[PDB]
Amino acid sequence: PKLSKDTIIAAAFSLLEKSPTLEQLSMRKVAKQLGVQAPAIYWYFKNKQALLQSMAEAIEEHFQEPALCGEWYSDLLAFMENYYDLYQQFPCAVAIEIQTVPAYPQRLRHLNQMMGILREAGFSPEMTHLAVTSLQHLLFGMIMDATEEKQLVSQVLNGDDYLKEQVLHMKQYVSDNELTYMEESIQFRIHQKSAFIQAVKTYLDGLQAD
């Protein structure tokens, strides 16, 4: 029956579903989403950063704890797979992680968990850190690449003279220059999630080697 942090966070995400651009998320907008005035949002949030911190924490809460089996490879795999599902459930999820500091217990214990799995498995403190942060990097860059390329492909398929023109120029160049490999590369889009798992298993196979 009254304004709460939760009511605002939901409105923020609701706002992102409409306009999936985190930089466009302003306090006034979030206010108008609730039919209120910006000043009201500030009673619960000092600035946009405080709102982002809460949103990030909100996302973490939806993470599904993976079923661990004691195998460092599978377990870490289960973790990354579940983060892939999570980041696929909220708009700008990656940008939100990127733009905030993990100052919430939930996110911290997951990171500590993934790292321990590797440390307890015999990996160097430096190598477990590289591994875990590297896997996050792969997911971050893949999710946004996919998010931004989905839009581009949509604009092209939605009659967009310019980009369409760009796409044709691209395909002609590849052809006129017999760029075989790039040519077959276009073919794939390639099941996204499946691709991600393949990339991690590959990284994981590399750890196992040395």
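Sequential numbering from 1, following the sequence displayed.
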So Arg189 and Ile190 are neighbours in the shown sequence, but is anything from the deposited sequence left out between them? Give the count as none, 1 to 3, 4 to 9, or 10 or more. 1 to 3
In the PDB record, does 121-129 or 93-101 carry the higher mean Cα temperature factor? 121-129
Would you mind comparing 169-177 and 152-160 for me and telling me which has the higher average C-alpha temperature factor in the entry? 152-160
By its CA B factor, does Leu204 count among the lowest, middle or highest third of the modelled residues in the chain? lowest
Going by the recorded CA B-factors, say which third of the chain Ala67 sits in, lowest, middle or highest. middle
Would you check the entry's CA temperature factor for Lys32 and let me know if it's in the chain's lowest, middle or highest third? highest
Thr147's Cα B-factor: lowest, middle or highest third of the chain? middle
Report the third (lowest, middle or highest) to which the CA temperature factor of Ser14 belongs, ranking only the modelled residues of the same chain. lowest
